[PDB]
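One line per chain: the protein sequences are A and B, in this order.
The numbering of the first sequence is the deposited numbering, which starts it at 2 and goes up by one.
The numbering of the second sequence is the deposited numbering, which starts it at 3 and goes up by one.
In what follows, a structure is listed as structure tokens, so that the remarks can point back to it.
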Amino acid sequence: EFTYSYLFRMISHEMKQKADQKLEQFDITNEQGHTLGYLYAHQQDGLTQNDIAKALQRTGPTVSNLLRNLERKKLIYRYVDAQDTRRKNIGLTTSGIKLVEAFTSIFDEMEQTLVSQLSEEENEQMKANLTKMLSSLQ
Amino acid sequence: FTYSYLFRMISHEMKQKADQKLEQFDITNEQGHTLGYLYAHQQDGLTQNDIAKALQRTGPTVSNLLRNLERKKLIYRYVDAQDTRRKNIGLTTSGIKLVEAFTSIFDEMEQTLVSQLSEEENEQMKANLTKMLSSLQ
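What follows is the structure, given as structure tokens:
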């Protein structure tokens, strides 16, 4: 009960739960919310289908379907850099951007309720330790 | 670097490593954690509702999970004598041996985590972590 195994699986369960409840209104799933967000935030980088797979820690076929779903809703688009052409870069369409800007608040609200329990430099030290722990599990 | 990322991700690495190694026992990650709680907190008696609160999986679901484990003969269920409304859960010897068999997966993991923070930092961390879990609930 005081185990990190317990702690961690619950702090994320409770988190997944609250996000799904809210995203029901956008017709997107937890994973897709996170995918769109990643595309919104770190998009200009040129990330491909593999890059999202790495970022989501999801099996190629999983993430392949996920992207294929969003593309069906035309919320993302495939684009290719001019000289580098066997790469296929993923980007947000104008509707996807509107969507991200609408739920994004869900996450930010949550993030805040989290960081608001610890002190100013108590959050810096905490994040440093999670990154270290998450690194241990690699 | 966002918490949500980290908490999501950490949990992910954990379910995945668990799921791989538990495949050989014909149980799921959730059932694994349940048997653990029963095994762990067993000198005391654990109720169907305590399991429900523990996961905290939906009402029908927990009864459904339990019925499976009991069909697997890993647990017995019976109805408290004082209070007709809660029912009690108990590990079978089969169940006890099974947990003892798989616990090594979860421990090896739980350990390499405490490993990462110096013993003073660990206590501090379980405290902050509990504080955070309190808010989301």
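All residues carry an ideal CB built from backbone N, CA and C; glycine is no exception.
- Taking all protein chains in view, the Cβ of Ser96/B is surrounded by fewer than 16 other Cβ atoms within 10 Å, so the residue is classified as exposed.
- With respect to chain B, the C-beta atom of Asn130/A has a partner C-beta closer than 9 Å.
- For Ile53/B, the nearest beta carbon of chain A is not closer than 9 Å to its own beta carbon.
- Look at the beta carbons and you see the segment 100-111 of chain B touching the segment 18-33 of chain B: at least three pairs across the two are nearer than 8 Å.
- Interface criterion not met: the Cβ of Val101/A is under 9 Å from no Cβ in chain B.
- Three or more beta-carbon pairs separated by less than 8 Å link the segment 9-16 of chain A to the segment 8-23 of chain B, which places the two stretches in contact.
- Burial state of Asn66/A is exposed, judged by a 10 Å Cβ sphere holding fewer than 16 other Cβ atoms.
- In the three-state reduction of the DSSP assignment, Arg79/A falls in the strand class.
- Taking 9 Å as the CB threshold, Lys23/A stays off the interface with chain B.
- Using beta-carbon distances, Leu76/A does not count as an interface residue toward chain B, since no partner is under 9 Å.
- Around the beta carbon of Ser6/B, 16 or more other beta carbons sit within 10 angstroms, so the residue counts as buried.
- For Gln118/B, there are no CB contacts under 6 Å within the same chain when 5 residues up- and downstream are skipped.
- Taking C-beta atoms as the reference points, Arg79/A and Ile91/A count as a pair closer than 9 Å.
- In summary, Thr36/B is buried, with 16 or more beta-carbon neighbours lying within 10 Å of its beta-carbon over all protein chains present.
- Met127/B and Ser137/B have their alpha carbons spaced roughly 16 Å apart.
- In this structure, DSSP gives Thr63/B a helical state, which the three-state scheme calls helix.
- For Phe9/B against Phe3/A, the beta-carbon gap comes to about 17 Å, at or over 8 Å, which does not count as contact.
- Chain-order list of chain B residues neighbouring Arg73/A: empty, with the shortest C-beta distance near 25 Å, by a criterion of under 7 Å.
- One finds nothing in chain A with a Cβ atom closer than 9 Å to the Cβ of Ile98/B; even the nearest lies about 19 Å away.
- Residue contact with chain B for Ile29/A: absent (no Cβ-Cβ distance below 9 Å to any residue of chain B).
- With a cutoff of 9 Å on beta-carbon distance, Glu32/B and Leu57/B are scored as near each other.
- Within a 10 Å sphere around the beta-carbon of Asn51/A sit fewer than 16 other beta-carbons, which makes this residue exposed.
- When DSSP states are grouped into helix, strand and coil, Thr132/A belongs to the helix group.
- Any Cβ of chain A closer than 9 Å to the Cβ of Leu138/B would place that residue at the interface, and such an atom is present.
- By the Cβ neighbour-count rule, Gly34/B is buried, with 16 or more other Cβ atoms within 10 Å of its own.
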